[PDB]
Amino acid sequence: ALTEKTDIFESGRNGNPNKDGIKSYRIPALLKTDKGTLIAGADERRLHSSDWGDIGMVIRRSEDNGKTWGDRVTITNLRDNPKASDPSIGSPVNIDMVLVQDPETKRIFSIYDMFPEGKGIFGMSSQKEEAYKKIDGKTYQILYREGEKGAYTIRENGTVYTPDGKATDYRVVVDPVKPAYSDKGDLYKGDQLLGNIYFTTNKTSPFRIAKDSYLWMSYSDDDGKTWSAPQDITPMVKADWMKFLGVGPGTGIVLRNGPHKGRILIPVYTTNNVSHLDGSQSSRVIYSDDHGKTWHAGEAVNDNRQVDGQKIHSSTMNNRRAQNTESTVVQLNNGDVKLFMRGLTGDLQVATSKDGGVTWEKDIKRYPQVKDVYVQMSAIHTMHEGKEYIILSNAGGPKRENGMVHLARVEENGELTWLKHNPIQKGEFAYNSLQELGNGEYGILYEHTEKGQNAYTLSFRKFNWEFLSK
């Protein structure tokens, strides 16, 4: 009914790197593809377990439903700043992926955060630094030159233009070609490599991007074997007021029914400049109606939400307990979208959208039946014997421990009834990602440690309906 665990990404032990030189893996995503392949994605956290440093976005593939797994494939690994004083914060950063496959095109997307060199989200400037400029209708990423106020721009072919609109002999590698695209952002003056636009300290080149928060996408058209260069989708979805915008990691969905069938939904969340991480973390989705070419931001759950008899908005709120952060998204057979959101009530919080994830109903539903210890979760739709269910996995508590799989019946009015709660992993348990495998089987990729393992080793189990019904 429940398989023994298979370690997919193994961390080092007792604070040492593993044999591949990697201290930590974090942030699992699991995707069953049209070919039946399982793709397991993770942050490869080389130097330490924190949300910054030298991190690669990686996947492994299983062609036998999780029994065996191929070599690590690295999607993106930006090169470190070789002159950084603190290597622990010395690299441009990618973290936190969401995987999804388009069922019409078979294109597989990995969407993940990016920050320039520094302490990840904690490296963002304290005052806003504009990251893009719209010039004659085209959006260009901004560069700042040492000692100068003005916004240089990266235009076609990566040619750097002066704030006054004059082409220079500086060029940015906008079409990276090295393994894992480690050359992305490299800055050249003609033939000479000078540095990298993502470096923020001890620079050898004149130019850097804004110390802001970015969203990148990479895609695979060969079942996860090879991956595109990263696409910068930030300007499509990030409003000027947003401070952080980043993914709720795991596995997104494509709507399978209703007027918005085919729409791809990716959980994200934002902060504002009023209260940032103290009081404004707010869930929403971004979405594509054209198979991943263009993206749009849905409204926040928190936009025009009534909290304590007063309205809030994600752009202006400052309310610690009204926050909702990383989320997981499911569509019901009736077309409604449920967003299960990490939050600070101690129990499961759920928002509902009747318009394919663009706007949210006025009430967030809470379920005391399911504890939320403030950690990521995953949830998936499933049918069992003509009946509709949702399976949700997260930590049982009291801390990030005792992995649970929760089973809810989806009632005829779209409400949820929690029926079963079963342990899947004793001891440490954090982030996780669920997938249906077919024939009454489900798979999960999750964070756990034992035997001195560093946070975390990402392991895989399969379970069936008999496990769920216990």
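If you superpose the two forms and keep the largest set of C-alpha atoms that fall within 1.5 Å, you have the rigid core. Residue positions are given as counts along the sequence shown, with the first one as 1.
**Q** Between 118 to 126 and 312 to 320, which has its CA atoms farther from the current form in 4 other deposited structures of this protein, using a rigid core superposition?
**A** Once the core is superposed, the stretch further away in 4 other deposited structures of this protein is 118 to 126.
**Q** Going by the B-factors listed in the PDB entry, is the mean over the C-alpha atoms higher for 130 to 138 or for 330 to 338?
**A** According to the PDB entry, the answer is 130 to 138.
**Q** State which stretch shows the higher mean Cα B factor in the entry: 107 to 115 or 146 to 154.
**A** Taking the mean C-alpha B-factor of 107 to 115 and of 146 to 154, the larger value falls to 146 to 154.
**Q** Checking the record values for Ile380, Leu193, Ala239, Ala229, which has the greatest CA B factor?
**A** The listed residue with the largest C-alpha B-factor is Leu193.
**Q** From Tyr287, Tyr269, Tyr188, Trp216, which pick has the Cα B-factor that tops the rest in the entry?
**A** Top of the list by C-alpha B-factor: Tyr188.
**Q** Classify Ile59 as lowest, middle or highest third according to the C-alpha B-factor given in the PDB entry, relative to its own chain.
**A** Middle third.
**Q** Using the B-factor values recorded in the entry, state whether the Cα atom of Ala84 falls in the lowest, middle or highest third among the modelled residues of its chain.
**A** Highest third, going by the recorded CA B-factors of the chain.
**Q** Sort the modelled residues of this chain by their C-alpha B factor and say whether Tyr431 lands in the lowest, middle or highest third.
**A** For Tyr431, whose C-alpha B-factor we compare with every modelled residue in the chain, the answer is the lowest third.
**Q** Could you look up the Cα B-factor of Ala300 in the entry and say which third of the chain it sits in: lowest, middle or highest?
**A** As the PDB entry reports it, the C-alpha B-factor of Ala300 lands in the lowest third of its chain.
**Q** Where does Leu437 sit by CA temperature factor within its chain: lowest, middle or highest third?
**A** Within its chain, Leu437 is a highest-third residue by C-alpha B-factor, going by the deposited values.
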